[PDB]
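The structure under discussion appears below in the form of structure tokens.
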Amino acid sequence: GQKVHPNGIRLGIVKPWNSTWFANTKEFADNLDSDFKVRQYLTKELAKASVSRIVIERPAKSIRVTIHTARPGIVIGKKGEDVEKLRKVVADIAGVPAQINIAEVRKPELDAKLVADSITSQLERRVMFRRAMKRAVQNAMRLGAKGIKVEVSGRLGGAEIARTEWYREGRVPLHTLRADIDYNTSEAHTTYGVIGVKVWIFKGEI
Amino acid sequence: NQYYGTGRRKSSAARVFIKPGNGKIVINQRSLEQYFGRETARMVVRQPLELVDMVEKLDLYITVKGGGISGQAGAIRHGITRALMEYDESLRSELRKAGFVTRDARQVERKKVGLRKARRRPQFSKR
Amino acid sequence: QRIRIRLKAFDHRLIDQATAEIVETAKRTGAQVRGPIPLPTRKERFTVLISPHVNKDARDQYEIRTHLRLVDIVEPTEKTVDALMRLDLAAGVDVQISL
Amino acid sequence: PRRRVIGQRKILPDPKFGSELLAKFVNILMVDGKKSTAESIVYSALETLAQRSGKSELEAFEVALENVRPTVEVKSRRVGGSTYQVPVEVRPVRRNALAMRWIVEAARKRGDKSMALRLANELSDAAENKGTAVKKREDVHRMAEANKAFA
Amino acid sequence: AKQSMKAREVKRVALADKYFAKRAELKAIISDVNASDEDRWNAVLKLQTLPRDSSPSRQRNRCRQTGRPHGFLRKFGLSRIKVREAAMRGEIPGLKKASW
Amino acid sequence: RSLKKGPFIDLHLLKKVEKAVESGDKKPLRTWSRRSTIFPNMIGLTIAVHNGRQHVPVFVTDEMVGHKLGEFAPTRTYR
Amino acid sequence: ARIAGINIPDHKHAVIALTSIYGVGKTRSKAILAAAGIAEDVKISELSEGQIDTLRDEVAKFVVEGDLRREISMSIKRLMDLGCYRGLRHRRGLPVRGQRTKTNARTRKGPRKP
RNA sequence: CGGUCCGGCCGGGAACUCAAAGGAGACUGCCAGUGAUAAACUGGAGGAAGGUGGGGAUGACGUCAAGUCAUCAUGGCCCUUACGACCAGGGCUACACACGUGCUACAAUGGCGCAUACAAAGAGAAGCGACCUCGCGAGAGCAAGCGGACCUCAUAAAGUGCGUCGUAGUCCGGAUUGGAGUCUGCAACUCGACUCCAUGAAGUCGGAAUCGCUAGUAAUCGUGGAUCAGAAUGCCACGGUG
Ligand SMILES: [Mg+2]
Ligand SMILES: [Mg+2]
Ligand SMILES: [Mg+2]
Ligand SMILES: [Mg+2]
Ligand SMILES: [Mg+2]
Ligand SMILES: [Mg+2]
Ligand SMILES: [Mg+2]
Ligand SMILES: [Mg+2]
Ligand SMILES: [Mg+2]
């Protein structure tokens with residue numbers, strides 16, 4: 001059947017928001033489009049920079065973007081070389097002054113978005129989907145994941161009839177709200193269509 | 001010192017104060033007869049003063065907010081009984097038997113998506 | 001006279017933790033502190049259709065809880081005013097100063 | 001009622017005479033969840049019935065109820081494609097519940113000026129056993145004695 | 001929606017603040033004052049000569065990313081589909097699946 | 001139907017009614033303005049009112065004053 | 001009883017008895033009895049000929065019965081000769097005010113036929 | 001309690017109603033019967049709550065090449081001085097009909113007139129808009145408070161008390177149409193809502209057949225909201241009686 005978003009259902013239980021700011025009905029829409037526009041710029045620019053998560057908070061009349069990345073060195077640059085050029089245009093998009101924070105993603109093979117983006121970038125290089133899935137699973141399980149599940153949908157390997165294939169190793173309790181389930185998506189834009197990647201990583205309870 | 005007992009049923013909330021002497025009933029600065037236009041709603045507040053004897057033994061200053069006629073009346077019934085145990089505590093046995101100590105947890109069920117009411121489902125058509 | 005602080009936040013375990021900071025900072029620097037007064041939460045409910053096309057009964061129901069806190073400080077001591085003004089509070093909490 | 005073996009809800013007695021059987025009767029008459037206007041029709045019909053029959057408001061109801069009260073009824077059962085009517089002895093609780101239901105339904109089908117008048121004249125017809133309500137017990141009787149072989 | 005349909009809305013906004021915000025509002029309140037000019041105003045006639053797209057009522061509320069004219073919510077400025085997509089990623093603050 | 005505070009008329013059509021009075025009656029007045037209220041200064045003229053495809057010519061009468069020009073130009077073909 | 005337009009009002013209450021005339025509803029009947037100085041909850045019995053003619057003179061002010069029927073009919077025919085949308089629908093026996101014709105329009109069309 | 005313009009309204013009181021953060025509590029735990037001494041069920045005690053206490057959220061592997069290339073994204077195909085683009089007017093609202101979902105009815109458990117008791121949950125600055133005044137009215141003019149447990153939308157209606165109608169196509173029922181208007185909007189002819197006056201269709205309880213609902217449910221009675229310049233009998237939500 002149809003499943004509930006594992007990140008969405010756990011918001012407030014064991015999962016945090018990607019937008020912490022407060023606003024009234026007046027500027028809630030204006031801030032939400034500004035949030036979309038700032039994420040859009042940074043995902044496009046820091047595509048090779050391995051960006052996993054983007055957190056936006058608005059202290060008074062300012063913007064505080066916290067870029068979660070597996071490669072902070074390429075994001076920061078030569079003694080703030082790349083942070084300064086990003087902050088300069090984030091302040092232009094948002095209107096209010098900008099402050100960018102860089103959070104280091106230690107074990108990226110345990111991050112749903114980075115695992116999904118790795119499978120997506122691999123499928124576009126013409127790698128075998130089964131090899132890409134098995135490697136994603138093995139890498140996660142050997143690094144301490146209590147359980148993992150990776151799903152790839154549509155025209156697999158260039159095939160005419162679309163299939164939905166998945167690998168699962170360990171425990172993946174999607175019904176336990178207490179459970180830490182990191183869920184994310186990624187789309188592989190191949191020469192023969194769009195292949196959707198879905199990754200579930202169980203890290204433990206509480 | 002005044003003997004107090006809180007009583008509630010549905011969205012109604014009633015506060016009951018007990019002081020000995022006479023058989024007076026004042027609800028929101030009004031009389032028992034002036035507030036309730038139904039005698040069935042008048043008899044339910046008289047119910048705790050049947051098993052536990054009172055004709056002119058004790059007075060009651062009562063105030064109720066929210067709900068409706070039977071809601072407010074039912075809430076006061078629960079309050080008198082709670083103020084009655086506050087005064088003795090040996091009256092618990094008689095009040096349990098009549099079922100006045102129990103808070104009636106029956107609230108109106110929410111309207112659900114896809115349904116015309118709380119449970120009423122829209123008319124089905126095969127073809 | 002009296003300084004009225006009105007706190008607004010979508011998260012509850014963030015509003016009363018930022019409120020505790022305001023109450024403590026004021027009562028430590030010697031002021032008369034009324035509250036934390038818990039004012040009613042405005043539950044903005046939203047019902048969106050979960051299917052891109054057709055399927056009218058299938059829906060998603062969400063809410064935005066807007067928690068309210070009222071802190072009234074009676075003594076406007078220079079030791080209290082300056083202590084509260086240079087306080088680092090949570091970025092997701094709105095502070096309304098009423099003179 | 002396939003697996004779950006439920007009991008029966010014990011309703012509060014009558015606010016006037018303290019009768020549980022009358023509390024069942026007011027609810028049977030009651031429409032659109034209007035209990036206030038429901039007991040108002042039942043008390044006005046009882047006031048006009050006992051006055052025009054020789055008092056005893058509880059007993060005048062009982063005389064009219066004893067004539068409509070059925071002893072046996074048919075139960076629809078399909079065994080081999082064919083639908084057989086099996087005669088079954090009704091329980092004392094349902095005995096009164098069917099008796100009261102036919103009194104209300106026959107008074108509703110009457111052409112009098114008010115429901116307090118329609119009910120009183122139906123309870124008067126039932127006390128002397130010559131109405132639409134006693135005939136519903138009569139048709140239920142002729143149906144039971146006919147299929148007496150499949151008992 | 002279409003790029004042309006999105007562009008048509010930018011024009012309807014730019015013309016809404018140019019005229020019917022500081023000029024056409026002045027001649028509409030004038031076409032309501034009973035005390036002054038009951039026949040010789042021409043304000044109803046000069047309102048016509050102003051562009052059509054300048055009226056604020058002629059503007060349609062569309063999903064700020066896709067351009068969807070249906071299923072809109074002013075609170076988020078997005079359509080019900082893109083509201084759900086951002087709500088599940090936690091991109092909408094304080095918004096979570098409610099039950100009561 | 002509308003507020004008594006001035007009946008409505010299009011300026012491009014109102015100027016066409018003015019030009020037709022002083023210069024004398026011409027051929028049917030080709031106009032798309034169906035929303036305009038008929039004034040007494042129109043009685044006798046031939047206004048070609050659009051229906052969606054062709055311009056329906058309607059001879060203006062005294063009883064036609066107050067009504068809209070689009071009432072005398074059927075929009076939907078039904079046979 | 002006999003008032004204005006030949007009709008013979010029943011021996012019911014004054015306000016309901018006056019609604020029998022074509023051109024006088026609930027409001028006109030309440031205003032006619034208020035102007036003539038007569039009660040609304042009084043029957044035709046006790047209402048002498050001196051109280052009847054004062055109501056006849058009162059009701060004579062507004063167009064009623066046959067005089068009103070031709071006035072309604074004249075405005076219907078006016079729209080028809082004009083050639084307007086409003087008139088073309090009184091001529092075709094279909095809803096004039098704008099109501100849907102795809103379904104439910106049986107009051108103006110009349111009962112259906114296969 | 002002190003003071004009364006008899007209004008929590010003002011000093012005050014933190015008792016209580018309530019508001020909202022944390023915490024306790026219910027587990028067949030106890031007792032008895034049934035049952036393979038088991039599981040479990042039944043009944044009872046205590047308890048605000050008893051056997052997943054009430055309601056929701058939560059929808060396994062998969063099934064129907066089921067729905068959506070018109071939310072968006074997209075392999076391929078097709079148009080590219082046109083299948084693109086701008087504009088006015090029209091159409092999506094047509095009407096011999098048929099089916100599905102609803103609203104309102106057919107009435108005295110009801111219609112009408114006056115008097116009157118009791119809610120819950122929401123919305124609000126390009127906004128909700130009081131009080132006052134004008135109009136029979138929809139509204140209009142003037143103009144406080146309120147970004148809101150403070151102010152406003154907003155009088156809850158069923159119900160109750162009295163009076164009337166008295167089984168009548170009616171003081172039921174409101175369709176349809178005529179006349180005059182109100183507001184929003186550049187603009188209400190096609191094709192808006194609402195008001196005032198008049199009109200007063202069908203319908204007196206629905207064939208074959210068929211649907212919902214097991215308790216604060218059905219039935220009924222009002223209230224709010226999203227979209228929205230304006231446009232709800234739909235939808236989403238709320239309590240009253242029951
Ligand atoms: Mg596009
Ligand atoms: Mg619009
Ligand atoms: Mg009449
Ligand atoms: Mg709690
Ligand atoms: Mg579960
Ligand atoms: Mg198909
Ligand atoms: Mg299809
Ligand atoms: Mg009527
Ligand atoms: Mg069930």
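How things are named: the first chain in the structure tokens is A, the next is B, and so on; residues count from 1 in each chain; ligands count from 1 in the order shown.
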Select, as number ranges by chain, those residues of chain E with any atom no more than 10 Å from chain F (distances computed using only C-alpha atoms). E: 31-32, 34, 38-39, 44-46, 48-49
Kindly work out which residues sit at most 10 Å from ligand 6, using only C-alpha atoms (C1' of nucleotides) and all ligand atoms, and give the list as a ChimeraX atom specification. /H:64-67
Keeping only C-alpha atoms (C1' of nucleotides), write those residues as a PDB file, in the first residue's frame.
```pdb
ATOM      1  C1'   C H  64      -5.612  -4.342 -10.407  1.00  0.00           C
ATOM      2  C1'   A H  65       0.528  -2.830 -17.232  1.00  0.00           C
ATOM      3  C1'   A H  66      -5.678   0.532 -11.465  1.00  0.00           C
ATOM      4  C1'   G H  67      -5.394   6.823 -11.319  1.00  0.00           C
TER       5        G H  67
END
```
Nearest-residue call for ligand 2, choices E:63, E:52, E:58, E:99, using only C-alpha atoms and all ligand atoms: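 Between E:63, E:52, E:58, E:99, the residue approaching ligand 2 most closely is E:58.
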Per DSSP on the backbone, what are the helix (DSSP H, G or I) residues of chain B, as a ChimeraX atom specification? /B:32-35,39-44,48-51,69-87,92-97
Hey, which residues sit close to ligand 2? Say within 7 Å, counting only C-alpha atoms (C1' of nucleotides) and all ligand atoms, and write them as a count of residues only. 4
Any idea which chain F residues end up within 10 Å of chain H if we count only C-alpha atoms (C1' of nucleotides), as number ranges by chain please? F: 1-4, 8-10, 31-37, 49-54, 67-78
Just asking: which residues within stretch 50-142 of chain A are strand (DSSP E) according to DSSP, as a list in words?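 Answer for stretch 50-142 of chain A restricted to strand (DSSP E) is residues 51, 52, 53, 54, 55, 56, 57, 63, 64, 65, 66, 67, 68, 69, 98, 99, 100, 101, 102, 103 and 104 of chain A.
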